[PDB]
Structures are given as structure tokens and as C-alpha cells.
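K.L.:
Take a look at the following structure, please.
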Amino acid sequence: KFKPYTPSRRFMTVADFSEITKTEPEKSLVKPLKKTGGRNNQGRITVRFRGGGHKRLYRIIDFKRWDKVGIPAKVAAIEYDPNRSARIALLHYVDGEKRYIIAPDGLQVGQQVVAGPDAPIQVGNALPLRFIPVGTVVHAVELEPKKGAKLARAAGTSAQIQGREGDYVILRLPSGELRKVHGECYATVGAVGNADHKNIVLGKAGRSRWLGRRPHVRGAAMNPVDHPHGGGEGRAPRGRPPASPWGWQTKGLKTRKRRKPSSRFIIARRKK
Amino acid sequence: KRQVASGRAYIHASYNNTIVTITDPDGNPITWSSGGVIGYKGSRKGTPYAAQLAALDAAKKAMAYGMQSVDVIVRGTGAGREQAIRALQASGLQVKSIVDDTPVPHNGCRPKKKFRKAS
Amino acid sequence: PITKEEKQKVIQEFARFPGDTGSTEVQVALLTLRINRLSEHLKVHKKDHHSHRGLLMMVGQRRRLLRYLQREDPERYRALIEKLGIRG
Amino acid sequence: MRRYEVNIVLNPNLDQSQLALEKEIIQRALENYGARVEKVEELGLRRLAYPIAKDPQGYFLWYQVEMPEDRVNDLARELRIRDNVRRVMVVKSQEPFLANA
Amino acid sequence: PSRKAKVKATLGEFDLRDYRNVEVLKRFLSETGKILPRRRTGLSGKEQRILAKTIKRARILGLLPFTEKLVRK
RNA sequence: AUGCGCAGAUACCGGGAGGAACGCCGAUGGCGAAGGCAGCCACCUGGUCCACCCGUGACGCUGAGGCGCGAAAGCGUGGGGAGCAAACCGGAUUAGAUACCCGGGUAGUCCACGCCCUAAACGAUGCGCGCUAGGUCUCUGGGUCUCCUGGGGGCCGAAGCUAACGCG
């Protein structure tokens, strides 16, 4: 029920460089799931470019485990949703009920794993940080206990356990930074399920992108009647500005944001 | 002052500057000296001479605290590590036992040209 | 792995006569068997070019011996072919 | 099945019922794989010449036995499993060589 | 070869086929738990080899420092 | 110089993480078509040395062509970068310094699967056999093991070979 990434159509005219992926569980989801409105327009004013749609399923997923902190679960199997950067495992809880959950590193259908008060540090179970075997990996992870799985490292194979101090453990998050969460808080054990996805290649843009749902963006689009920047000519403007009365693209946003100093440091950057 | 009669004397040395320091019985220290500590700069600081001097300082201070007995820790090698260590036993202030480390590699990280010319 | 016992047992099934403690028959039985479980291994592995190689030489050897097999007599030989399976 | 000597060191700070549960795990596991002793030994607890396991001493167990060859790897992993297994070591069963005779 | 110590005659009939020989094994340790050489065990290729191997086995699981803070220097 | 440190570094102590490498032993030593291959353990494997003379019965030596194989560099996607590090940036230089030196830091260096076959690819010397003093050392298999014998490595080395080395 894993999934092929690479399959690429071939020379079926410019449908060139189209990357397929196929989770093998292929089953159509199950019983627990509604749908999302057609947002893009919202609070009934309209906003943010692109946006279009394309077919309609729509998710409900588990984001909180302490709610059975124990009932082993066995991979119902693999599958996913018209959302999320890295598929899911519909899991079965030994008590009858099941739940759509993450999809850490390639686990295995039928596999038992669970979590709570002491779970075996086997990628799959989840645990209050504290049970953090420092130097290990998780994601999903949530600071401010109860505030549900906060930091759903999307396909975000990224929760790197980095030491502890006080009632907070240190973590290396996607981004390339290290924040802190009080141990009692929690983490889904292990890592994500998708990345190659991230590399996926798609053919005739219009076709693909739109299918994605998203349409466009078109800067200093000539007639700068608005389009912040210049136009009514070839030449790329100067000032150094962006759409809807913008600050270019090299300035802050944070602030006192009591948030900030409160934890984390590394400051915002990487260097591949 | 903390005072604890015995501790460790760390003698570590480069070859254009060397260093020594007083550490308690366990591992922290209190005072020290070195090549450029000895009103020195550039080379020079890499003389068994300075060695002798900073040794000296390490000493006067050494007494200056409830200590003087010590085991010698060996780190690397200094251009005059001797004139150094001898200055050491010299001020006596106690000239106890000596430990051997200068913690060898084991082969795991090619150097810089310097000792690469050492195929 | 190399199961000496069963080995001898087949050196036997083959060596028409119980006194073939080294004969074309056996070169056959042996190089064959070996060649086979060996190769199968090769598969679930993919990279041991050195030994692949040897195996190579070996298979050659065997086949060639058979070459002669035919040379003097391929009759009894084709029977062998038969018994075994290889070259079909 | 061949025979190798099972030399494996397990935590020092152990105790009673613990010695019980994990050493027995040792057992039924072994068997489950294809193990079955030949020499049930061990020399108890002992120190080492280098603070491994963050300790200067631990408990060492040695039982040499018959097993299904290849399974070795397998159980081995099964062993190291149990945390405390400060060292999981198996060796082909040989023993001859008188030097200085 | 230099001679004033030697060891091939420290212990007689010794089975190299071991590891749990704290004592004998030790008998080649010197200071920084090196491996006291042909230069001392005066033990044929066969020897330095297998003997070595176990030396190995020994540091391996443990119980022997395969080097160690030297006290004296 | 430099760049880094009293917003305390450089040294000492404890703890954390990870990548790479693999000391003494280990050798002027070993295994491999070659390339080249090492901390130990285990899985599967191949070349290959000795002795009983037991089996078969010369089936064997050669290899144009092809077929698989392999330095390091570099490419391809997907991991990973502790250190080292063309490129780049400095600092030192001379008259000049893009390089030899010191201070930095990418790609790469490393793993998987795919791809390049590349060469002072070397012993600059194709392979297969048998004939012609000895001397010495070293590893390894068999023995009546002051040594002998099969094999394997460096050394000295009559004859002899070459324009000359030097092969032996």
C-alpha cells in the first residue's frame, strides 16, 4: 500500500515530465468524513489569487492521542485524502473504532503500534515528549499540551529531538530552527511518509496547476493601474514593491510577539 | 578563594604558543597563563622560555589559592614543553604525579594541507 | 549452503556406476547444482561482480566439458542433457 | 543448525524479578528462533576496562548452543532489542589452538 | 631483535581460541593498552594474526581498554 | 596580518549530536582477471594451497570479434556534509601575483539505484607449457620437519640475453 513516485508518462505530447504515484491500498476511504465549502471567496469578501478546486472528497483526521492512550492499533492499512502532503493510514483501534492517522515512515499494514503513558519508542507509536529518547524523530508534535497535534509536519519529515531543559524539550523543526515544548506535550513517533511527492513533475501547466485547483498570479502585470509595480511598458520597475500595497520581500513580520523569545532560537534560515 | 590543597595542573602546548592552568581535583579551574599571557605575541609565545614564565604565573596564583599539590595533565606537545614543565617542578609549590593524554586521534578526519603533506 | 551429503547422494544418482568417484557425469551434476543455487543467490544481491565473474568462468568450464561429451559421444550425453534439464 | 557461543552482556543495575523476566525473554526468544542451549553458563556480574553502558561494570551471560545458522543475525537483533543488552555477541563455535607448547 | 623482556614464555600452552582470558590477554597490554608487538610476543605470522583477532574479540565485547589514559608519563 | 573572544574565547570539567574514519596491532606481510580490498561480529560466496591416491578419461592451450567487470574526477534522482575542501571571499605578496602561506566557506567528498570505462591501468613489459647452478631471506600447506617437499612472495644471484642499462 506504499506508492510509486517516478512513473512518468512518455512523449504523449508535451504531457512530458508527468510524475505518477500510486499508494497500493487503493481502497476508497471510510465512514468518517464530510466535505469543505468552496473557499477562496470567504467571510464573503473574496481573497488570494489562484484558487479553483477540482472534484470533491474532504477530510476529518485524528490529531489527538491521549484519547485511548493505549488501545493498540493495527494499521487498518494505507490510503489518503484530497488533502495533506503525505498520505495516511486508516488505523484500527483494537476496541472496534478506527481513525485516520498520520502515515509515518513506511510502517506496515496490520502493524501494531499505539501510544501514551510509555509507548515503545518504535516509529508509529506516539508519546508525551518527555518519553523523548533525545536524538530520535517524530512529527505531528504539539507544544501546549491538549492544544492538539500542533505542528503537523505535513509530509514534514522534520521533528528532530534535540536535548531538553526545564519543562521544555528542544526540537529542530522543518524550517531549520529549534523551538521548545513542555515535555508532557506530545509527538507522533518517527517521521513522515512523503517527499518524493515533493519532487513530482507535472505536464502542461494549465492542465496540471489548474487541476491542482489553483489558477494564477501575474505581477507588475502591465497596466499597473494597481499591480503595485510598474507597467504600461516593457521594463521591470524599481521602487522595490509588491501587490496589494506591499513591502517587497526582505523585511520582518514578527514583533514583541511575546511568542518569539518565549522559545525557539536558530533564527530563520538554512543552507543547502 | 576555595582552597583544596591538591588538584590538577594542565600543560597543553602548541608550537608558537603554549598554555597551562590550575584546575581543582575534579576538573574546573581557577587561574592560568600562556605564551601571550606572558606579555608576548606572534612567535615567542612558543618558547620553552615563555613556557617557564607562564608556568611561573600559574604557580604564584596557584599558591594564591588553597592549593599547590598537583597531577600534571599532558596535552599535545609544546616547543619547549620542557623548559615549561621544568619551570613547573621548579617553583615546586609541589611537584606531584603526571598523567598522559595528548588524546590521540585514531584516523577519521584528513587534516589541512599542513599534515596532508604527511600522506 | 554447500550440503556435502545430499551432494554425494546425487553424484550417485548420476554416476551410472557406483564407482564414479570423479567423472564427466559428476563434473556435470556438480557444476550444475552449484551453478544454480549459486546463481539464484546472485539474484538476491545484485553486486559481487568478482564472484559473479568466477561463476561465469565456471559455467563456461562445465558447458565445455560437455562439449567434449558430445565430441566423443553425445548419445549417452543427450541422455544426460535430458536427466538434468540445462540447455533446452 | 550449527553452533555458536552466545556471549552477551546485559545491564548491571538490574535486580531480582527483572533478572527473571528479561533473561527468560532471552530464553523463549532463543527457542522461538531455533536456539536451545548446549552450555548454560555465565560468570555473573563483572567490571570492564572501559566505562561502557555509562557504567564500569555490568552482568555478563554466556551460553553456547545449537541454532538455525542464519537465524543468528535475527535473534541477535531481537536481543540487542531489550535496551540493557550492553553488548550482543555471537561467534561460530571453534576453540582449538595451543600456542607455546 | 631486542631482548631483555620478551613474553612468548610468560604463559605456556595458551589457547588463542578465547576472549575471556583477562589475565593472559592482559599480558600484552603495556600502558595505553596498546598491543605489545612481534617485538614481544615473538609469535609467528599465524600468531600475531589469530592472537590479535582475539585481542580484538576482547576489546570488542569489552573488558580491556584497547588504549587508556596512561598514568606515569 | 588575520579572523575569533569581557555580550568570557582560546585552556579545564561534565553532558548532547552527528558524519567520517578505523589507531597499536599490522608487516620490508596477505587475498584478488583488474580495480583494489581491512575495528569485530553474523548471512550468503568465489578464487585458491597441501596430502591418499581413490574417479573420468586428453575433454586441452588460444582467443579476433562480442559479453560482464572496475580508480579517482563528473553526471542522474533520492538521502546525508563532523571534518576535509577546486570554486568564491578575504588576509599576507611582489613592482605582479589570480598560485606556493594564514584566515574563511560551497560544490564535491559519503549511502542507495542508475550513468560514465576513464588512464605513467605499471612490473611502462599478453597469455598458455616445458628445458638451464646455486646462494639468502619470508608466508604458507604435507612429512623420517640438522631438513626436505608442493605452493607463494623480496633479496643475491653462472651461464646467457641487450646499443646499454639491467633482466636473471
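Residue numbers (full-length UniProt numbering), protein chains in the order written: chain R, 5 to 276; chain Z, 11 to 129; chain P, 2 to 89; chain F, 1 to 101; chain V, 16 to 88. We put the beta carbon where it would ideally sit given N, CA and C, even for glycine.
1. Could you pull out every residue in the same chain whose Cβ sits closer than 8 Å to the Cβ of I125/R, ignoring the five residues on either side in sequence?
2. Taking Cβ positions, are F6/R and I82/R nearer each other than 9 Å?
3. Helix, strand or coil for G210/R, going by three-state DSSP, please let me know.
4. With a 10 Å radius around its C-beta and 16 neighbouring C-beta atoms as the bar for buried, classify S248/R as buried or exposed.
5. Quick one, are the C-beta atoms of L95/R and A77/R less than 9 Å apart?
6. Starting from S52/P and walking both ways along the alpha helix (DSSP H), at which residues does that stretch end?
7. Taking a contact to mean a Cβ-Cβ separation below 9 Å, would you say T41/Z touches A74/Z in this structure?
8. Is there contact here, the segment 17-30 of chain Z with the segment 253-272 of chain R, by at least three beta-carbon pairs under 8 Å?
9. Cβ closer than 7 Å: which chain V residues qualify as neighbours of residue 109/F?
10. Along the UniProt region "Disordered" (109-129) of chain Z, where does the CB come closer than 7 Å to a CB of chain V? Name the residues.
11. For the segment 28-84 of chain Z, list the alpha helix (DSSP H) runs that are entirely contained and at least 4 residues long, ordered along the chain.
12. Using a Cβ-Cβ cutoff of 9 Å, what residues of the segment 18-50 of chain V are near chain Z? List them in chain order.
13. Take every Cβ of the segment 77-85 of chain P, pair it with every Cβ of the segment 53-65 of chain P, and state whether three or more of those distances are shorter than 8 Å.
14. Cβ of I29/Z within 9 Å of Cβ of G45/Z?
15. Kindly confirm or deny that the segment 39-55 of chain R and the segment 13-28 of chain R touch, where touching means at least three C-beta pairs closer than 8 Å.
16. Taking a cut of 9 Å between CB atoms, which residues from the segment 26-51 of chain F lie near chain V?
17. Ignore the nearest five residues each way along the sequence and tell me which others in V109/Z's own chain have a CB closer than 6 Å to its CB.
18. Pick helix, strand or coil for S40/P, following the three-state DSSP scheme.
19. Just curious, the beta strand (DSSP E) that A77/R is in, first and last residue?
20. For the alpha helix (DSSP H) containing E92/Z, name the first residue and the last one.
21. Out of curiosity, what's the CA-to-CA distance linking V114/Z and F43/V?
22. Across which residues does DSSP place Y20/Z in a beta bridge pair?
23. Can you list the beta strand (DSSP E) stretches of 3 or more residues lying completely in the segment 8-88 of chain R, in chain order?
24. Under 8 Å: do the segment 62-69 of chain P and the segment 17-32 of chain P share three or more Cβ pairs, one atom per stretch?
25. If contact means a Cβ-Cβ distance below 7 Å, which residues of the segment 80-100 of chain F contact chain V?
26. With a threshold of 9 Å between beta-carbons, can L85/V be considered close to chain F, or not?
27. Taking C-beta to C-beta, are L133/R and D85/R nearer than 9 Å?
28. Can you give the Cα-Cα distance for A240/R and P228/R, rounded to whole angstroms?
29. Using a beta-carbon distance cut-off of less than 7 Å, what residues from the segment 75-109 of chain Z approach chain V?
30. Following the continuous beta strand (DSSP E) through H143/R, name the residue where it begins and the one where it ends.
31. For chain Z, find out if any of its Cβ atoms is closer than 9 Å to the Cβ of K71/V; answer yes or no.
32. Can you confirm whether the segment 25-38 of chain F touches the segment 75-83 of chain F when touching is taken to mean that 3 or more C-beta pairs between the two stretches lie within less than 8 Å?
33. How would you list, in chain order, the residues of chain F whose beta-carbon sits under 8 Å from the beta-carbon of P52/V?
34. How is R87/F classed by DSSP in three states: helix, strand or coil?
35. Across the segment 151-164 of chain R and the segment 89-109 of chain R, are there enough close Cβ pairs to call them in contact, namely three or more that are closer than 8 Å?
36. Counting contacts by CB-CB distance shorter than 9 Å, is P16/V in contact with chain F?
P.N.:
Well, looking at it:
1. If we look at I125/R and ignore the five residues flanking it on each side, its Cβ neighbours are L131, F135, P137, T140 and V193.
2. In this structure, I82/R lies closer than 9 Å to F6/R by Cβ.
3. It is helical.
4. Counting Cβ neighbours within 10 Å, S248/R comes out exposed, since fewer than 16 surround it.
5. Cβ atoms of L95/R and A77/R: closer than 9 Å.
6. Annotation for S52/P: the continuous alpha helix (DSSP H) segment containing it runs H50 to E73.
7. Their beta carbons are under 9 Å apart, which means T41/Z touches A74/Z by this criterion.
8. Judged by Cβ distances under 8 Å, the segment 17-30 of chain Z makes no contact with the segment 253-272 of chain R, as fewer than three pairs qualify.
9. Residue 109/F falls outside the range modelled here, since chain F spans only 1 to 101, and no answer is possible.
10. Correct list: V109, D110 and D111.
11. Correct list: 58-73.
12. Cβ contacts with chain Z: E46 and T47.
13. Too few Cβ pairs lie closer than 8 Å, so no.
14. In contact: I29/Z and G45/Z (Cβ atoms closer than 9 Å).
15. Contact between the segment 39-55 of chain R and the segment 13-28 of chain R is absent, because fewer than three Cβ pairs lie under 8 Å.
16. The residues in question are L43, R46, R47, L48, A49 and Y50.
17. Contacts found: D81 and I83.
18. In this structure, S40/P counts as helix in the three-state DSSP scheme.
19. Note, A77/R: beta strand (DSSP E), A77 to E83.
20. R91 to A100 is the span of the alpha helix (DSSP H), which, as asked, contains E92/Z.
21. The straight-line gap from Cα to Cα measures roughly 20 Å.
22. Assignment of beta-bridge partners to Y20/Z by DSSP yields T31/Z and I83/Z.
23. Within the segment 8-88 of chain R, the complete beta strand (DSSP E) runs of at least 3 residues are 77-83.
24. At 8 Å Cβ cutoff, the stretches touch.
25. When C-beta distances to chain V are compared with 7 Å, the residues of the segment 80-100 of chain F below that value are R87, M89, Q94, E95, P96, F97, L98, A99 and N100, in chain order.
26. With 9 Å as the cut-off, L85/V does not count as an interface residue toward chain F.
27. Inclusion of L133/R and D85/R in the CB contact set at 9 Å is not warranted, their separation being larger than that value.
28. In this model, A240/R and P228/R are separated by some 11 Å (Cα to Cα).
29. Those residues of the segment 75-109 of chain Z placed with their C-beta closer than 7 Å to a C-beta in chain V are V84, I108 and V109, ordered along the chain.
30. Note, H143/R: beta strand (DSSP E), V141 to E146.
31. Taking a beta-carbon distance threshold of 9 Å, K71/V does not count as an interface residue toward chain Z.
32. Three or more beta-carbon pairs drawn from the segment 75-83 of chain F and the segment 25-38 of chain F are found closer than 8 Å, and the two stretches are therefore classed as touching.
33. Neighbours of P52/V on chain F: none; closest Cβ ~15 Å, over 8 Å.
34. DSSP places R87/F in strand when its eight states are reduced to three.
35. In short, these stretches touch, since the Cβ pair count reaches three.
36. Taking a beta-carbon distance threshold of 9 Å, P16/V does not count as an interface residue toward chain F.
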